[PDB]
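Note: hydrogens, waters and symmetry copies are ignored here, and every other heavy atom, side chains too, is used. In the text below, chain A, chain B and the rest are named by the order of the sequence lines, each starting its count at 1. Atoms within a ligand are numbered from 1 in the order they appear, just like the ligands themselves.
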2 protein chains.
Amino acid sequence: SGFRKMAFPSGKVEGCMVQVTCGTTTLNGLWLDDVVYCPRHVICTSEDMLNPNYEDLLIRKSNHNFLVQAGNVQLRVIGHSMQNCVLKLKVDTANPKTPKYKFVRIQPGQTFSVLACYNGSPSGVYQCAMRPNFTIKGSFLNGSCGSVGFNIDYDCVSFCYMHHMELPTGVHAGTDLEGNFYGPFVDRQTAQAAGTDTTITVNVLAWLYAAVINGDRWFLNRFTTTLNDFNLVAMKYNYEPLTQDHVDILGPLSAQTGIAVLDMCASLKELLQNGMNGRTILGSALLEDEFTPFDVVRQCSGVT
Amino acid sequence: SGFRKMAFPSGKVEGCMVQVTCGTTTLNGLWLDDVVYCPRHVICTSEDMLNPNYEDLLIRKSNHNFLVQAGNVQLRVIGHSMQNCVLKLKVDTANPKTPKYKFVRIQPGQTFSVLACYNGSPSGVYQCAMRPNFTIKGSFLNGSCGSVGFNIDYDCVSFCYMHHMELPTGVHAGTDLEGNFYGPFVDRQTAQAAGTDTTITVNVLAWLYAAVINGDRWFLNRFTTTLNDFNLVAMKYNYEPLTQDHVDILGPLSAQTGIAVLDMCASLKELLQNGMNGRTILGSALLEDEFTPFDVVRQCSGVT
Ligand SMILES: C[C@@H]1[C@@H](O)CCCN1Cc1ccccc1
Ligand SMILES: C[C@@H]1[C@@H](O)CCCN1Cc1ccccc1
């Protein structure tokens, strides 16, 4: 019993973290096979960062300008190219600790673990969701850029996120491992305002199921609702719409608990309308939205 | 910027997790050098668990009854002894992945990462506090026993916790790595009631400092208080007393923020007396007590 905000074990990713230095800028790189992936803004002075021209900045750069360090051993860079907003540094050594891996572009509301690193060294791991506005609410100081977000399926690391920016509002933006930004963000120190930070409705319902499974049931009410009725209320409260796809995804939790998805929706509706009245659910005083249905099943079934 | 419930990177501990099987019971063991540490209740049938006599159960056991598996390779057990509530299985192979390590018995209110495992395989990592009543609020299903709690100081893993029991109230009890229970608990399926689950006051204040550092300041008030006055209020609200030692420990956060510890105490007092009035602090609707002063400094300074 018990439900925790649980990150994937980080060992397989720890083994891929290196230090990349271009001139006076040091940040983190991901070493997979004989390629080190890092944010292209490694080539910028924070002066550059106001209106950087990456193609022009890169003309001045050679393989030997990219200093790549894995522990206390230097990697020889034998090529470099820019793909979108990441640099791919070809090194002469395949990472011997390369796990089975994929690059995946996640959807908003999907969850992943971040291994926060500084100078190619892991400092901690935490579990995130991609917000519906394609930001994440991370913990990232200067030097953390190139820290990555991942999921693990048994022995396969799916890399979904590389950290690039802190918006002026202290929320975080980055790319998939093809270097394409999540959301409308760019690697420039400019006016970038995130959209509405809405709640991931399907995740809240998953977590309400997790609560019922773990014995927290005070919020279960006598009511049901419809998708349209529930969605009217969701909208008022800056909750993302619930689709039939979300209902289908919650099916197994519905099955396990014997609480129909629309009944759990009616319970959530009353929590929105009436608040918690000072009570807690799984030790939280607000409605948690950083567990997917998949996460709740995984943790409630003990997948390794 | 940003503040997250961050676990230590788990790789060094992942490399120490094995599967221990005695008869039909499988749980997790910790392989350090040529010793595998596991809960002694591995020798019990859940029948035994009502009033087990470990010394008598162990007489019937031989080295070859303890099946130890590290990945898909079997370890040869060449000795076994009971130390308090843990078994030490001597194997013929030193774990080649043994990190530098210590065994430490933590105090209540201290924080640590748990690597939740099943059949010697990591499933996730989360950050805990030892509650003042010496329970932890974990996420542990059957097969998770022998999962461990640790801190990392640069390259040295300090192991502080091994998971043994779920109390009938769904909270968790375990031992240090010398096999001595935290709190008054025993490895028996009996009436064991935890004491008052109080809040770790010093940790709340640390986390209020973390909030100020990260821009959440709405709760800062115009008031100060005294230790005695604050402690009267703490007591009423099931908060542990604040000592001069706690004030001294908060000194660096006091210094960094320019908010005297007793002023932050007056802010906490008003939060206790008046509640959050529906507001949040670092995305929480309650007062978080699972960050130590050390944790706040570590994460706010980016230690690896
Ligand atoms: C624009 C936002 C954004 O966060 C992501 C995409 C959808 N959202 C729409 C939305 C707005 C207000 C209430 C509910 C839903
Ligand atoms: C007995 C508890 C226990 O949780 C740990 C040790 C100290 N506590 C005392 C306490 C009780 C009530 C309010 C405040 C403090």
Is it true that A:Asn214 and A:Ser1 share a donor-acceptor pair across their side chains at a distance under 3.5 Å?
yes
Output for ligand 2, non-hydrogen cut-off under 4.0 Å, lists B:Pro132, B:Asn133, B:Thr196, B:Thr198, B:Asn238, B:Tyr239, B:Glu240
Salt-bridge test for A:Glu290 and B:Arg4: reply yes if a basic N is under 4.0 Å from a carboxylate O, no otherwise.
yes
Name each donor-acceptor pair under 3.5 Å that joins a side chain in residues 271-279 of chain B to protein atoms two or more places apart or in another chain, with its distance.
residue  : atom : partner  : partner atom : Å
B:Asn274 : ND2  : B:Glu270 : O            : 3.3
B:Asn274 : ND2  : B:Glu270 : OE1          : 3.2

Is it the case that the side chains of A:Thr292 and A:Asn203 hold a donor-acceptor pair, with the cut-off being a distance below 3.5 Å and no angle test?
no
Check: A:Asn221/A:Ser267 side-chain N/O donor and acceptor closer than 3.5 Å
yes
Using the rule given for ring-ring contact (aromatic ring centres under 6.0 Å, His included), can you reason through A:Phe3 versus A:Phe291, listing the C-alpha separation, both sets of side-chain angles and the distance that settles it, and then say yes or no?
CA-CA 10 Å; A:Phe3 207 72; A:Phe291 300 96; 4.7 Å; yes
